[PDB]
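*Asks:* The listed protein sequences derive, respectively, from chains A, P and B.
As numbered in the deposited numbering, residues 1 to 129, 136 to 216 make up the first sequence, in order.
Using the deposited numbering, the first residue of the second sequence is number 627, and each one after it goes up by one.
Using the deposited numbering, the first residue of the third sequence is number 1, and each one after it goes up by one.
We treat Cβ as the ideally placed atom computed from N, Cα and C, and that holds for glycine.
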Amino acid sequence: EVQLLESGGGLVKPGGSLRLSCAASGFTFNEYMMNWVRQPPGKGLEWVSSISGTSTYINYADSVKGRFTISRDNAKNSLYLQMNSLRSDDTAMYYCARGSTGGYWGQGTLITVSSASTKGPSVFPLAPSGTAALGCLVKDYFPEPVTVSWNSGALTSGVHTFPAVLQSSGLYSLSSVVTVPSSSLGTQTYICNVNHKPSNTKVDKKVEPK
Amino acid sequence: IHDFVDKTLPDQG
Amino acid sequence: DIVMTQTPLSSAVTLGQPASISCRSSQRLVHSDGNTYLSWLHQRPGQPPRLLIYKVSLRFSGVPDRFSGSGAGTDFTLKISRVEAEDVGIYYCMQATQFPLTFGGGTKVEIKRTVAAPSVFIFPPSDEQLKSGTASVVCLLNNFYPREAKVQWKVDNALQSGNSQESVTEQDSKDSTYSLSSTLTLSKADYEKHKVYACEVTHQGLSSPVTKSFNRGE
């Protein structure tokens, strides 16, 4: 099947630079225009740049012209975006996408342009007191994202991982909760698996009844 | 049909 | 540049009933080859957009036929003949007829279901967090509808104002409910000066407010 996968994102200071890459497979790469599209936090989709199959036609959004450069290496099935002179308002999820229809997209990679520094979270239990609830509090991290699973992916029913909130400190915090049978408490173990890749922080926290 | 349509180039400005 | 004006910003639809989304282009949308290149996409939280319709009216592989697109000139429409619970999320039009490529601002589809009161849970701070000098107290409102809810924190009967933050999930794609967390954060030094920590919840599905509370340390 068609696959697209972005890499090279992350955190950078205002004025800094990053280079995004997108690896493609499952189609004849040089027959298609390739594109970068971004999604700023809480906003809609916005086109960034496009490059035709053999690089003849290159186009940029006005807001990035002169700062970003798109290119492709057809022999390597790869698309690139060199991003210079970055500003806080370039913060967004960046997607690579094929062609002109929007049919095939990568999974996206987050670019955060900020003066704040990487910080890994602390993970604390939300201990359970019919239906019970328990969870984990993932506190004080930067930049986004964090991922949370339960019981190494075995527990998915009843899970809610909340959108992160930016605290007044400038660090993020979120909780992940799950509702479970009260009769299971103290018998079934519950472990939240937290991964904050930007800081290389991974934690598995057991959540035990009070 | 999709792959053929997806190869179309948008018009330049 | 072609501006795509997408309406409505949000639409709430009864299960099984039709939905319609409009996008108007600022100029006639026609390619040099005579065709019109406009797509409709659906995006779920934390996921890439998914193509539904391309070239105005063609369905992408795997898309059910309850979705359809139409339009000409400047007026384009996505129709859902019968909404399903999984159709919640944000829909976008995209024109790829002429550079710069442009998107509509999005439409959020909500499923209207029967009122459901939240289940409410309160969580004291962990001993581990307290040892480090901070106390976070969490109040969870689980699986409720509609989204409107009020959560008030009281600490020894003092109403807290500005000391908490809320987060709300997007609408669940299976049961059409919302969940909400409210987190009150205090230093340990402050936390240990008070006894009763309580969260009081008001919601249409509750005949009167529900309070969950605990006493610090006991």
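If we ignore side chains and look at the alpha-carbon of each, how far apart do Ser-175 (chain A) and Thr-185 (chain B) end up?
*Replies:* 12 Å
*Asks:* Quick check: is the beta carbon of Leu-45 (chain A) nearer than 7 Å to any beta carbon in chain B?
*Replies:* yes
*Asks:* Please determine, among A:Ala-138, A:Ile-197, A:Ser-158, the residue with the shortest C-alpha to C-alpha distance to residue 133 (chain A).
*Replies:* Residue numbering in chain A jumps from 129 to 136; residue 133 (chain A), which lies between, is not modelled.
*Asks:* Pick helix, strand or coil for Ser-17 (chain A), following the three-state DSSP scheme.
*Replies:* coil
*Asks:* Return the first residue and the last residue of the alpha helix (DSSP H) that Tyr-191 (chain B) is part of.
*Replies:* Where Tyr-191 (chain B) is concerned, the enclosing alpha helix (DSSP H) stretches over 188-191.
*Asks:* Distance cutoff 7 Å, beta carbons only. Does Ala-139 (chain A) sit that close to anything in chain B?
*Replies:* yes
*Asks:* On a Cα-Cα basis, can you pick out the residue from A:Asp-90, A:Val-123, A:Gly-66, A:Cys-142 that is closest to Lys-43 (chain A)?
*Replies:* A:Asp-90
*Asks:* Excluding sequence positions up to five away, which residues of its chain have a Cβ less than 6 Å from the Cβ of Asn-163 (chain B)?
*Replies:* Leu-184
*Asks:* Please list the terminal residues of the continuous alpha helix (DSSP H) segment that includes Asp-127 (chain B).
*Replies:* Counting along the chain, the alpha helix (DSSP H) containing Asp-127 (chain B) begins and ends at 127-131.
*Asks:* Would you list the one or two residues that DSSP bridges to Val-144 (chain A)?
*Replies:* A:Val-123, A:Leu-180
*Asks:* Pairing CB atoms from the segment 113-127 of chain A with CB atoms from the segment 7-25 of chain B, are three or more of them under 8 Å?
*Replies:* no
*Asks:* Do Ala-135 (chain B) and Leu-141 (chain B) come within 7 Å of each other at the CB atom, strictly closer than that value?
*Replies:* no
*Asks:* Using a Cβ-Cβ distance under 7 Å, would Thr-56 (chain A) count as near chain P?
*Replies:* no
*Asks:* Any contact of the segment 104-123 of chain A with the segment 46-59 of chain A, i.e. 3+ C-beta pairs under 8 Å?
*Replies:* no
*Asks:* Let me make sure I understand the geometry here. Which of A:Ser-205, A:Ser-129, A:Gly-141, A:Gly-66 has the alpha-carbon closest to that of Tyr-196 (chain A)?
*Replies:* A:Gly-141
*Asks:* With a threshold of 7 Å between beta-carbons, can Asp-632 (chain P) be considered close to chain A, or not?
*Replies:* yes
*Asks:* Contact between the segment 125-135 of chain B and the segment 70-81 of chain B is defined here as three or more beta-carbon pairs at a separation below 8 Å; is this criterion met?
*Replies:* no
*Asks:* Out of B:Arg-28, B:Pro-45, B:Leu-15, B:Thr-14, which one is the CA nearest neighbour of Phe-168 (chain A)?
*Replies:* For the residues B:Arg-28, B:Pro-45, B:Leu-15, B:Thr-14, the minimum Cα distance to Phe-168 (chain A) belongs to B:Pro-45.
*Asks:* By the DSSP assignment, the beta strand (DSSP E) with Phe-121 (chain B) in it spans what residues?
*Replies:* 119-123
*Asks:* Under the rule that 16 or more other beta-carbon atoms within 10 Å means buried, what is residue 132 (chain A), buried or exposed?
*Replies:* Missing from the coordinates: residue 132 (chain A), inside the break in chain A from 129 to 136.
*Asks:* Identify which residue in A:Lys-216, A:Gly-8, A:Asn-157 has its Cα closest to the Cα of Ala-23 (chain A).
*Replies:* A:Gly-8
*Asks:* Spell out whether any CB of chain A is found under 7 Å from the CB atom of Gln-95 (chain B).
*Replies:* no
*Asks:* Using 7 Å as the limit for Cβ to Cβ distance, is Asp-637 (chain P) near chain B?
*Replies:* Against chain B, the CB of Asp-637 (chain P) has a partner CB under 7 Å away; the residue lies at that interface.
*Asks:* Among B:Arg-24, B:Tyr-145, B:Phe-99, which has the Cα closest to the Cα of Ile-58 (chain A)?
*Replies:* B:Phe-99
*Asks:* Distance check for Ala-116 (chain B) and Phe-27 (chain A), CA to CA, integer angstroms please.
*Replies:* Distance between the alpha carbons of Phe-27 (chain A) and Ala-116 (chain B): 47 Å.
*Asks:* List, in chain order, every chain B residue whose beta-carbon is nearer than 9 Å to that of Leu-191 (chain A).
*Replies:* For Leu-191 (chain A), no chain B residue has a C-beta closer than 9 Å to its own C-beta; the minimum C-beta separation is roughly 13 Å.
*Asks:* Please name the residue, chosen from B:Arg-50, B:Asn-215, B:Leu-180, B:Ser-20, that lies closest to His-203 (chain B) on a Cα-to-Cα basis.
*Replies:* B:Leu-180
*Asks:* Using a Cβ-Cβ cut-off of 6 Å (strictly less than) and excluding sequence neighbours within five positions of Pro-40 (chain A), which residues of its own chain qualify?
*Replies:* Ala-92
*Asks:* State the beta-bridge partners of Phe-68 (chain A) as determined by DSSP.
*Replies:* A:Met-83
*Asks:* Along chain C, in chain order, which residues have C-beta atoms closer than 9 Å to that of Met-33 (chain A)?
*Replies:* The question asks about chain C, but that chain is absent: this structure's protein chains are A, P and B.
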